[PDB]
Structure formats: structure tokens, C-alpha cells
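Asks: Before I ask anything, here's the sequence and the deposited coordinates:
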Amino acid sequence: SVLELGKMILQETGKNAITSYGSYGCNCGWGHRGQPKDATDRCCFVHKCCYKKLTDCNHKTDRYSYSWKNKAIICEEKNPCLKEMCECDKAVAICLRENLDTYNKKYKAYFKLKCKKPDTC
């Protein structure tokens, strides 16, 4: 759920998931859709398309088990839908971390700004 996702984003990026990423660009922002503005927003579109596969569990509110051990996120969960939910979160948190060198605080409040139509997953 979002509590595991927010914690991995903190662990990997040092950032506050709600405020730094919850209205960024065209895909990271909660509820946002559209073509990606940068690599950071691209990680978010990839993350959506990974969630879209989860039919037997809810990515927002079902909680899963994972450890942050030796600076890495390990998904220790065994219910299968929950383990893929953990793999989808782990991957966005890693991708965010890698592309932090281009985040850009101006896409940062992007709820009202413009977005071409999104590609297909």
C-alpha cells in the first residue's frame, strides 16, 4: 500500500513522497495521466503500468512485507499479488533515485498544467 511505497521512496531518495512526487509532472502525481515530461515522470508512468497488472490485490491499501537491508529493498512478501505489488514499488523507488539528477521542482506543481496524451503501457 501507500505506506510501503512512501517509505521506500524516502529510503531511496530522501524525499517526502506526497510533497515532492504526489503532483509531479504528468504521471507521478496522484490521479495524473499523460505523456511524461522527464525521466522522473517516466518512472511514474512505468509504475502505473506495473500496478495495472495487479488484479487480485489493491495497490493503495493492501500492506505487504519488505525489508530495507544493506541499502537495498528486499520484497519478502509471499502472497503473490502482494509480492508483485512490492516489486512495482521497489522499481519506482530505484528509478526515482537514479533520475534524481534531473528532478525539477517546476513540474513539481503540475496538477493544472498541460499534458499530451499518454502512451500505452
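Replies: Okay, I see it. Numbers count the residues shown, from 1 in each chain.
Asks: residues near the residue lying closest to residue 36 once chain neighbours are set aside, how many?
Replies: Closest residue in space to residue 36, ignoring its immediate chain neighbours: residue 42 at 4.2 Å, by C-beta to C-beta, 6 or more residues apart in numbering. Any C-beta I mention is one placed from the backbone N, CA and C, and that applies to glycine too. Residue 42: 18 surrounding residues under other C-beta atoms under 10 Å.
Asks: Residue 42: which element?
Replies: Here residue 42, judged by DSSP states H and E, is contained in helix 39-51.
Asks: for residue 68, helix, strand, or coil?
Replies: Following DSSP: H, G, I helix; E, B strand; the rest coil, we place residue 68 in the strand state.
Asks: With adjacent residues omitted, what lies nearest to it?
Replies: According to C-beta to C-beta, 6+ apart, the nearest residue to residue 68 is residue 11 (4.9 Å).
Asks: how about the one you found, what does it touch?
Replies: 68, 73, 93 (C-beta atoms under 8 Å, 6 or more residues apart in numbering).
Asks: Of the residues you listed, select the buried ones using a ChimeraX command.
Replies: The following ChimeraX line selects those of the contacts of residue 11 that are buried, judged by 16 or more other C-beta atoms under 10 Å:
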select :73,93
